[PDB]
Amino acid sequence: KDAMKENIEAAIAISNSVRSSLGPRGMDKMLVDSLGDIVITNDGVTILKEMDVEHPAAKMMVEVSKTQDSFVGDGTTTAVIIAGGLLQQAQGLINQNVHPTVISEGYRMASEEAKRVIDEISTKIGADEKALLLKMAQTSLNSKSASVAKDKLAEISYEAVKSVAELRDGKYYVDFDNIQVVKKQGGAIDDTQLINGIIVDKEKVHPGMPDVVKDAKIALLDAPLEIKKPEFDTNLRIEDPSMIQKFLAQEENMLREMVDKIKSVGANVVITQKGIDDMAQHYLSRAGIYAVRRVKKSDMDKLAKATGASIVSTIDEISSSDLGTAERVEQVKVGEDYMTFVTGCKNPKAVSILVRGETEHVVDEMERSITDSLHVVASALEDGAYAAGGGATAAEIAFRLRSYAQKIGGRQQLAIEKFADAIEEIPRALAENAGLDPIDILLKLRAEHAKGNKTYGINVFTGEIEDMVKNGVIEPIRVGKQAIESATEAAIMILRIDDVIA
Amino acid sequence: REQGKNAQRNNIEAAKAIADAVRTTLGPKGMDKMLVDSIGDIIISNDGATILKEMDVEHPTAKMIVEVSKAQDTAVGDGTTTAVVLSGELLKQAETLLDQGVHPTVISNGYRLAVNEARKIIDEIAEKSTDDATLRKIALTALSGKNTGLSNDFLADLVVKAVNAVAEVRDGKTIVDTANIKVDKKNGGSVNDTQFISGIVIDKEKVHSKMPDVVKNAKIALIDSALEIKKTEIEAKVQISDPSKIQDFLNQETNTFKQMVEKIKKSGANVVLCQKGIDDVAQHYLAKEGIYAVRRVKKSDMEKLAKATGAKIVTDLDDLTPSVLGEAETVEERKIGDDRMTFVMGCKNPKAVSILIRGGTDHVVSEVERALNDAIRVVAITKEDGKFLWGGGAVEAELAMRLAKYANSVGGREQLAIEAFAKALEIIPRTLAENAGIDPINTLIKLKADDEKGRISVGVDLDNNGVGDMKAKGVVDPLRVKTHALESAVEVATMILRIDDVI
Amino acid sequence: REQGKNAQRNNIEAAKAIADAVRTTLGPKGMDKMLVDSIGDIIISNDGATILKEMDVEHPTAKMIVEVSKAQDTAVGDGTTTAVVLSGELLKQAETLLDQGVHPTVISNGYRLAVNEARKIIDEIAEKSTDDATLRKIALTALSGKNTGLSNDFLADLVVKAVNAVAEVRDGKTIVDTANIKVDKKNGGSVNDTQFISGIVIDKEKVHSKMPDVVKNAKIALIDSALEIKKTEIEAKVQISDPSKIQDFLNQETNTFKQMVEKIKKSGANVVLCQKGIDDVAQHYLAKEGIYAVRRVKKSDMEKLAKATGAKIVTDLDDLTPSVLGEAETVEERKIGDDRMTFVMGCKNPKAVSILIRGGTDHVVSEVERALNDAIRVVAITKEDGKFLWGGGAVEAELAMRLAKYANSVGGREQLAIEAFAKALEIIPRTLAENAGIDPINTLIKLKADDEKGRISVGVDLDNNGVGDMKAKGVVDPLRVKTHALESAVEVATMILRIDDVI
Amino acid sequence: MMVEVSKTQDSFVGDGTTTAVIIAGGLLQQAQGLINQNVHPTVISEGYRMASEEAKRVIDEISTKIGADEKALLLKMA
Amino acid sequence: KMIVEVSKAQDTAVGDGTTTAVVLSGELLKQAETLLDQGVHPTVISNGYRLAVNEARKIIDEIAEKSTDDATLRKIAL
């Protein structure tokens, strides 16, 4: 009774915290943690993963966010909005003594039917792959502050994924470990660019290394270049004053030989995850080797795939077969800093996006906003179909669920219809956020959809219920199915819990 | 300290309370509880034992009722809610006999008589059958009030199959070592994606990138020790007097790892599953040799693997002969979800299988796992016992009817005591009904008569919205669970009943 | 947590405040702020970025406005006050459009349109010129509201000269790596004594008294390591069994330093600049050899020196060959103020110069340095861009006039938004005036008309006590600074405008 | 204010104060839903007013004049 | 407290318009805050409002619509 009432409310609360960010008239959130760290964003997953939620139900609603984010990438604000709907609706049904088991089944059945509908009303991406995908990329950018440059960012998002996308069984596959995305402040948004290669935010380890190497043999280590001290308690015993220099020379030789090995195998560049001893640094430098250090592991992998290298952790056995390849490696100043660009990679299905923003917190959102597009054009590409956005498909699923409800009649039907009303949350939010009258738009929305206008959504700019695919607001089918999936799974969980104790 | 009446009524009050905490989780239309600690945090379950092990019980007496759920669970698997609810009811029913003047002991003797008697009626009215047809039925019912989706039939089938695939026969009887069924889980959304692997699954990746992505006709070596540089038990120190030696010593190390790998290759083993760590240089050469290695393998697993593939767990690589290597048609790493896992299939010994559970969220996978375990345990028992009972209040209603009759054929005070046990048994039907939202009393009234007219199998039919034929609906309670529930409950109820002074 | 209106108006209020904190430092008749911490203490400056980096901002939103000063500074050098004041005004102007009902987003879109448009008008009306004549003008203006004395013309000239002396030409365009201009300072009272050294100055003394006070035609060796007794990475111990050896071991040490010095002499190097330490015995012999050495040289410097003299930074003295030595006609120590400093002049590479700043107090030298940097940065930019704008409210007044016209040629809501951006731009003229102590409103009224009649270059003439021809007065704003100021401001203004709930 | 309802219903008729309260909660709980959909409280108030009017009409319609059974009818009421 | 004074006056002196006079005083003070920030002196602002109001006090009296028939008296009421 109460545990439930309390849970449902706590949950709905989180939903609302995110509702206002849905769509093109979406608003953003400012989040300041304990440490005073500020995150000003629109990305609902971030807003959620960020906020300080305590109520267990609230944590469960947030569990939704991350999961929707995980599988698809776009639609976490959507998933949350629906989970609140379903919960707020079940709240009504619960008052009429409808058993939470009935509500859970009904919700489950409606959900199933909802995904079917999306498949039905979906549309295979035809030969318009280019402009279709572009239209998708843009709609994504429309909610984010990146809208400012949605045209350029969308082209970049489209270009980047198209590049790393392998069309195998007449079907595409996109490995994101082929798209390196870096953010560097001190440039306008429009300045964001696509760099064929893998940019690493690291400069050469020593003043004397060259600023550019052409036709580079990239040696990738996952071990530091330093003298190896044995595993056993080892001690040097000097009884003759002469031995002192002999020992010191031997230690320098060991390092001078590590460099020799890497060099002997034809390595031109040495990118290591670990540290490079200062003396070893001298040697590489002297050998004319461009070497970076303490590089990010994630980056290490990307350089691997790109250059066809192998991450050697046993320098003594670094073979020529272990060398990556790139047309040229060069240190370039990206504004204030110096970055290392490995261009002309052996594997051309590897590319980088350099997000530019005048300010830290600005470029940070810019980076989040783009990742959202990538995930979209990618998810779309893979799926192969798309659905009309702007609440059209929601209004559609809402429409079809009211029918199915009449078929699978009973108390089940009450739950199925509420599920419909809940899905309608999207059009309401979208309208609300712009300024449109929810109840009026929703009524007109229902009309058109009743009359079989499966693509009539809310053009939040004109306030009219137009053709969403026409005006170009479209989204990958994958986004919609999960949101409804993650959303109903939260509602059902919270809905079975009749007591919460410690 | 509390003496007499105070202590007793107080004790019965405690038990009653802890008992109601789980009452609403009983049956199909059951609910779940959400327990939240301080760090790990939210745990949402329908499982009786869980809700209690995690629950913070303070009152001694309540701690005792909790003990029966943990026992019911580890001893019989299913029935943890029942045994708790039943102990609460036997203590509650006794409180009346107590007020009337009946002595705790004679009450304890009535419960003995009653339970011993019921322990015969059920075994008398128990229904034999071992066919997959009913094994499947035991399963479906064990998964009821749980949040498993609509896939239950699919899950039931996995369970029946796993049990049957590991059920062995010895001197005439069938044995099912549930330990041969390895259940695991992985967040990936699906629940239908729950794979039934005819082998052993290990949540581990191969230690080194260059290692074979898959290994056919594998000679599997299980290793107790860590493929790392070991140090002599008696403290050692190395004194280098010549600069040259500094390298020689660094080489001994390398050549050490090379040989470890050599011993391994020499045995014929091409797959190395190490319970402990593996050094990066050892990895270099295992990879160079093309051996698929996995480090820090769980001992629990090291053991199942030993049993499934027939390998001997060896520590000293010097005793790593071809004689102690296990067999598997294929040892392959495959990415299940976000995680990469090692699949060992075609094991020398077929009586070893896995159930890789999928489902989303996280909170949903854990529970689905908990549900699948109750199912696995009871299907297993039933496979061995070959007997079962009519579920959903049926068995109870019958026992209650017969026991109230046996009561009359007993003395004065003890009769009162056994009539009390008869009523306590009706707590289950009443509960299933209450939760379903139907009318307890009438349900009971109707259920009594139908069972009285001889309809053994009429249980509480939530669908028919009242009573109904459990035979048809196929709701079957495994024998062993009923009995341990009854016996556990009586033993603990008696324990608490005699306590006249708590200090 | 604050939602909607509360959050927004509150946020605009925050930005506005932080923005006014620096408002009075704008322009010639600017004022200074005095920030005092807990230990270091008093910092008196006119620099926007400084007053803010040092300021203890607490409010999140305010921290964001501060971010733009740090960016403006590190990215474009001049304009930190402007970008802050402008962000404050765009957020302020928006608060009206907000109250009327206009949606934050469309406002954000107006600012886009507006700024993108202004980003063209300026580039349209920008005035090309790269002659020293105007480079000198950019300088004079960059040093205005700052406490530099009356020497500005002298300082402007030093800057133009330094920039020109390091400006290189590549594929047709001129590049000016400001890093080749080493600026330093030393308390000695003068400001006119600010020397322009055609070389690299190092605030360091020679390590040993007997070392040459000056070195002509110097072969310069830059050293990464410390000329000190090194110990083997693997712990060592020396066991002396014979009393005699105790001396032998003490000698190895000496002979060690002798050789280090020998390697150095053998290379031809007569000047040793060591990034690390130098042992007293090493010093003994470097001095005996007559080599000018300097220890613990700053890596920043080690690098500039390497670049200026063409030397290679060597660690292992075994790779100290004549091939890696740098060149300088003279390496001489000279006492600048109370301090002795090492002057490296006649470097192999001429595109490396210094500006040794003098001035007294301390508080005056630091700021004069800060002023000279703004000047150096903008003169450099201008050298590359070859374009500039009419300073003192001129550019703004024009942009505002044109943008208010472009506004009409735009939609309903967005127009309102762009008219708002037009007004925000007038904040600069108004500010320059206010500080000067003149009448904002009339100044603006007069300035509008003159610019309207086509007088692009009429700015706020503090001298004429009102408006005037900036062309004549030579007040010129570098292009790159205006644009980054405008773009930075719009991006950050938008960021804050969308925040409807701060938690 | 809700209690103000009780006394007034009590005042005029005498039986039905629990009824009046139950409905006032209904109407309020329902308006709570409508209010979420941006339905203006003026619209809700008019709608409520109009429905109410119609509701009393209906009662008059579905009512039944007490005939010659005054005795047993009244007894049944009591 | 001063803004409140105008509602009490509006009420006792003219009966209707108490909300309007308050809302309007709030807006004239608000609008002035801009002119203030730009540098305009409170007094000249006070003189603008005089001019303006004195002017409006004529336009309305110019554009006012005469009529005393019950037909419109009824309209004023509604």
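The chains carry the letters A, B, C, D and E, assigned in the order they are written, with residues numbered from 1 in each.
Quick note on the criterion: contacts are C-beta pairs under 8 Å (C-beta built on N, C-alpha and C of every residue); 3 or more make two chains touch, one makes a residue touch a chain.
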Task: Chain located farthest away, centre of chain E as origin (C-alpha) - done: B
Open item on the list: Please identify the chain with the largest separation between its CA centroid and the CA centroid of chain D.
Closed with: C
Open item on the list: Please identify the chain lying most centrally, where each chain is represented by the average of its Cα atoms.
Closed with: A
TODO: Could you please state the distance in Å, as a whole number, between where the Cα atoms of chain B are centred and where those of chain E are centred?
DONE: 80
- [ ] Find the geometric centre of each of chain A and chain E from their Cα atoms only, then give the gap between the two centres in Å, rounded to an integer.
- [x] 56
Open item on the list: What's the distance between the Cα centroids of chain A and chain B, rounded to whole Å?
Closed with: 38
Open item on the list: Averaging over Cα atoms per chain, report the distance between chain D and chain E in Å.
Closed with: 44
Open item on the list: Counting only residues that touch at least two other chains, what does the list for chain A look like?
Closed with: 230, 234-239, 247, 251
- [ ] Mind pulling the residue numbers of chain C that touch at least two other chains?
- [x] 234
Task: Touching chain combinations (by label order) - done: A-B, A-C, A-D, C-E
TODO: Quick one: which bits of chain C touch chain E in the complex? Just the residue numbers, please.
DONE: 96, 430, 434, 439-441, 444
TODO: Would you tell me which residues of chain E are touching chain C in their complex?
DONE: 34, 38-40
Task: In the complex, chain A residues that touch chain D - done: 88, 92, 95, 428, 432, 437-439, 442
Task: Parts of chain D lying in touch with chain A, wherever the complex brings them together - done: 29, 33, 36-39
- [ ] Name, in rising order, each residue of chain C that touches chain A in their complex.
- [x] 7, 11, 60-61, 63-64, 67-68, 71, 74-75, 103-105, 108-109, 112, 224-225, 230, 232-241, 245, 248-249, 251-252, 256, 302-303, 306, 312-316, 319, 484, 487-488, 491-492, 494-496, 498-503
